[PDB]
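Student: Right, I'll just put the structure down here and ask away after.
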Amino acid sequence: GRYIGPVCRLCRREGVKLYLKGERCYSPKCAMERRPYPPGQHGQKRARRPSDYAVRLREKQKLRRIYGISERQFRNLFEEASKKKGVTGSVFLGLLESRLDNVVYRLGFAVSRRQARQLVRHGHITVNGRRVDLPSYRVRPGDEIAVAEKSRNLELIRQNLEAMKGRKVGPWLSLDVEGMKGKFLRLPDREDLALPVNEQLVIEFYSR
Amino acid sequence: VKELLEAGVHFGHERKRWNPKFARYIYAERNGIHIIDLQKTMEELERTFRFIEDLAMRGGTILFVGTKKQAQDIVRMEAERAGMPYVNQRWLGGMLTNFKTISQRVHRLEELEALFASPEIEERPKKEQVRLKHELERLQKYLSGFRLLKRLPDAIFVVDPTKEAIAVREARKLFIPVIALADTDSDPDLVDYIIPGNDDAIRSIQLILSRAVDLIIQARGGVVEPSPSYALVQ
Amino acid sequence: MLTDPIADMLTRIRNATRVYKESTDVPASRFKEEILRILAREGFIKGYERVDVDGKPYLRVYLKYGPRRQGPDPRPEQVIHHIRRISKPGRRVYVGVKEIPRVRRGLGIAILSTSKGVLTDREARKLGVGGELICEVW
Amino acid sequence: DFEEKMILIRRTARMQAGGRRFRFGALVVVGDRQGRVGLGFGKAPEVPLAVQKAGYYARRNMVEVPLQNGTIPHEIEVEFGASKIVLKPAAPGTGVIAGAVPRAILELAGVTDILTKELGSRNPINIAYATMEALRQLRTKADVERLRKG
RNA sequence: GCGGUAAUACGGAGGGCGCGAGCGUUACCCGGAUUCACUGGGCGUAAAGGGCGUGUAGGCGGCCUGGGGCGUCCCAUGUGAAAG
RNA sequence: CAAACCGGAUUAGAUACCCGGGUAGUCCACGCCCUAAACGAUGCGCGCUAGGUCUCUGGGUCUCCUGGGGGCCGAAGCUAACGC
Ligand SMILES: [Mg+2]
Ligand SMILES: [Mg+2]
Ligand SMILES: [Mg+2]
Ligand SMILES: [Mg+2]
Ligand SMILES: [Mg+2]
Ligand SMILES: [Mg+2]
Ligand SMILES: [Mg+2]
Ligand SMILES: [Mg+2]
Ligand SMILES: [Mg+2]
Ligand SMILES: [Mg+2]
Ligand SMILES: [Mg+2]
Ligand SMILES: [Mg+2]
Ligand SMILES: [Mg+2]
Ligand SMILES: [Mg+2]
Ligand SMILES: [Mg+2]
Ligand SMILES: [Mg+2]
Ligand SMILES: [Mg+2]
Ligand SMILES: [Mg+2]
Ligand SMILES: [Mg+2]
Ligand SMILES: [Mg+2]
Ligand SMILES: [Mg+2]
Ligand SMILES: [Mg+2]
Ligand SMILES: [Mg+2]
Ligand SMILES: [Mg+2]
Ligand SMILES: [Mg+2]
Ligand SMILES: [Mg+2]
Ligand SMILES: [Mg+2]
Ligand SMILES: [Mg+2]
Ligand SMILES: [Mg+2]
Ligand SMILES: [Mg+2]
Ligand SMILES: [Zn+2]
């Protein structure tokens, strides 16, 4: 997807299992288990107290590097979520989570988001029966996210959905397998996601 | 536990070195001396003695502080009469706010007297014997009845607010209620329970602490007689 | 001379309370009095009354404080924490009804003078006028 | 129990014949995040001691802060020395918008949404002593009503 | 503020942080700067009381009542193009 | 009496401090000059907010009370502090 580099060296910088890879991250790796310290020749010496700033910075990185998104595109969302009405923090989360590239991951078509990004850019994903090849596209509520009719018997997709048979998908998403079809029921609320981010902090970093 | 026309001669006192804050409790400037509003001395006494009652009933202690020499001896008897402790010679920096650290001096006195009932007063070099026996001297001299205190007291009775003002300040910083025998040179508002009498002149002083300790015993359970002091005040 | 007689009073009061007087005397005017009417109503004083010193007419204000307090410094809380002239000579301050200020989220008042007469902030807004913003009190 | 933060530690220095002789100071805050905060200034010979000392100092000197939905009753401004602090209530979602010193104090008090301005001298010590005073001075409609009844 | 022979501050290397079809630089405007302060500052010793008076214009002006309604406040109504 | 100046000393030098002289000047009148650490380094007016003590000058029932002026100490409060 974007960033396109070593992802698990980011798991190892945030000191958190980030799952930027899905499958193997559940193995005995994700980088974290076995070697859970920072990347670089130095990331194993006694860590100095993070400045007030680093703390709020590293926390944003933790959120942005999850959804795999340019800072230019992250901040654009945050500012919008800011101007918007409601707890500007959770509206932000609502917005990231409303992204098509991510909703495809949530409905387990891809096993990662990097994989879900490409699944869209290569046109295997449809919204409301029309095709959408933009990771950015904002899913609204009531929309149905299908797997493209002529993409259905594809290898990467088959394994990915026989694995989805018998698994639960978020309380704000519908999903029927065999039909390769989801449904965006509602914008998730703050306690619906289990993100390892303070998020309150992310707001503070964008007013430094 | 009363007397109203115990003006006697112990009503008004002090000239014009007054705290103007003491203006309510004064009657007139009868010839260079403010004389104390007689009535108020008796009705402040009402609400005051009332206070002290509930203190003896609940089983708490009152630290009697009087350093002024014209009241010094009187404090010793009336404070010994009641179980309560007294500060009599001089008042030390942190009897209360430093009450732990100060009590090491108590930890030593009680323990240094234990040296003087042992075979080790014959043992130990006389280099120690002279020093460690004239050290016990001074200890018993200041803490003769501070040692009775094992924790901070529930209240504190001072005979001169102005003069023992370090005692007062320490009480407040630890929120310990101040009873005080006050007159025209003092700041009444700095005191919780006031007996607007006169800090100096034994004829007052003792009368007050007599009747007060009367009341303390009377309310604890003992109902007693005349005092070791009384008209033995000359 | 006495250039602002309202500030004189407002102040006279501020001064008296900070040394905890029982009452204080201001020389009298209906307009001054019409303010004390509000001070009194809203709980800031105990009330006032036209006394008479040396044969000239004053308004004795009766001040009001908290209860005695704890620790060092037992001087009670003030009731009139804060009280200050807004409009003054050579800077008169007038406000529309849409501009009458919310003082301390209403924990305090703001007396103003309108053509319906002297009034609190809440009074004018819930009565539709504006006027010369006299003073905040909180 | 209580949460400790520590706003600055510094290394003061005095002169004695032949050399300077050092010392350390620590400003620390304690809070239960439910309306209680304490500010402690602990000076002492070596660093971690000066912290310990502050924490203790900070626990006497507590302020009972009257939170309301994460913010404050009125808006105070306070002068301590040449430092001025300005506190302003804000609706939910605003966050602590504050300089790094009253932030320490406010977050630990449990204010989750507020507006702030440091005005005048910005000495971190006097600024801390000021927001403490600002907090000490908050009244609610509850306690104001008591004041002006009778 | 670093460099005077053990440089995390110079030049290279490995590693790391930040953005990324961009990233840096210089220039300019507002911000932080309550640092021209109306909101929101000061002048005994930090910059700042005129050497002192007399007084012109101007600014400001005690208590009570009545008229007017300029300031001030309120209601209605017209105007405030489109773009932004 | 004393800038400049003329001498004597001192000194490494001594265009200075010390010593002996000495002109303007210092004084007066009239006319200019308009400065200053022209200082309380604190503009003028009025109102308010504990007291104590010393002093100058009024008044009254004259142990004291009541004005005006000059100091000191201090309540509240203020001040970066000193202080006020
Ligand atoms: Mg005395
Ligand atoms: Mg200031
Ligand atoms: Mg500054
Ligand atoms: Mg080298
Ligand atoms: Mg070096
Ligand atoms: Mg280097
Ligand atoms: Mg550098
Ligand atoms: Mg800004
Ligand atoms: Mg500006
Ligand atoms: Mg300035
Ligand atoms: Mg100078
Ligand atoms: Mg100057
Ligand atoms: Mg002058
Ligand atoms: Mg001039
Ligand atoms: Mg000048
Ligand atoms: Mg004039
Ligand atoms: Mg004129
Ligand atoms: Mg005029
Ligand atoms: Mg007028
Ligand atoms: Mg008229
Ligand atoms: Mg008109
Ligand atoms: Mg338009
Ligand atoms: Mg001569
Ligand atoms: Mg000569
Ligand atoms: Mg000539
Ligand atoms: Mg002349
Ligand atoms: Mg005479
Ligand atoms: Mg005088
Ligand atoms: Mg003071
Ligand atoms: Mg001071
Ligand atoms: Zn991983």
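What you see of chain A is 2-209, where the numbers are those given in Swiss-Prot.
Header says: X-ray crystallography, 3.2 Å.
Every residue gets a Cβ built from N, Cα and C, even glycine.
This is the feature table in Swiss-Prot:
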| type | residues | note |
| --- | --- | --- |
| BINDING | A:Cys9, A:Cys12, A:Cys26, A:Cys31 | Zn(2+) binding site |
| DOMAIN | A:99-161 | domain 'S4 RNA-binding' |
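Walk me through the surroundings of each of these features.
Tutor: For A:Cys26 (Zn(2+) binding site), the number of other Cβ atoms no farther than 10 Å from its own Cβ, over all displayed protein chains, is 20.
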Student: List the residues in the vicinity of the Zn(2+) site, defined as same-chain residues other than A:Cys9, A:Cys12, A:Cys26, A:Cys31 with C-beta within 8 angstroms of the site's C-beta centre.
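Tutor: Checked against the 8 Å cutoff, the neighbours are A:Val8, A:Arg13, A:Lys18, A:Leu19, A:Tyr20, A:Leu21, A:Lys22, A:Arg25, A:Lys30, A:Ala32, A:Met33.
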Student: Under a criterion of Cβ-Cβ distance under 8 Å and sequence separation of at least 6, what residues of the same chain contact A:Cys12 (Zn(2+) binding site)?
Tutor: A:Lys18, A:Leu19, A:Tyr20, A:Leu21, A:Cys26, A:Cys31, A:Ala32, A:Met33
Student: Neighbour count, 10 Å Cβ-Cβ cut-off, for A:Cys31 (Zn(2+) binding site): what number do you get?
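Tutor: Taking every protein chain into account, the count is 22.
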Student: Are there any residues in the same chain, six or more apart in sequence, whose C-beta is under 8 angstroms from the C-beta of A:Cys9 (Zn(2+) binding site), and if so which?
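Tutor: Once residues fewer than 6 apart are set aside, A:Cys9 (Zn(2+) binding site) is near A:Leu21, A:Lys22, A:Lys30, A:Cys31, A:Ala32, A:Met33.
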Student: Tell me whether A:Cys26 (Zn(2+) binding site) sits in a helix, a strand or coil according to DSSP.
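Tutor: Its secondary structure by DSSP: helix.
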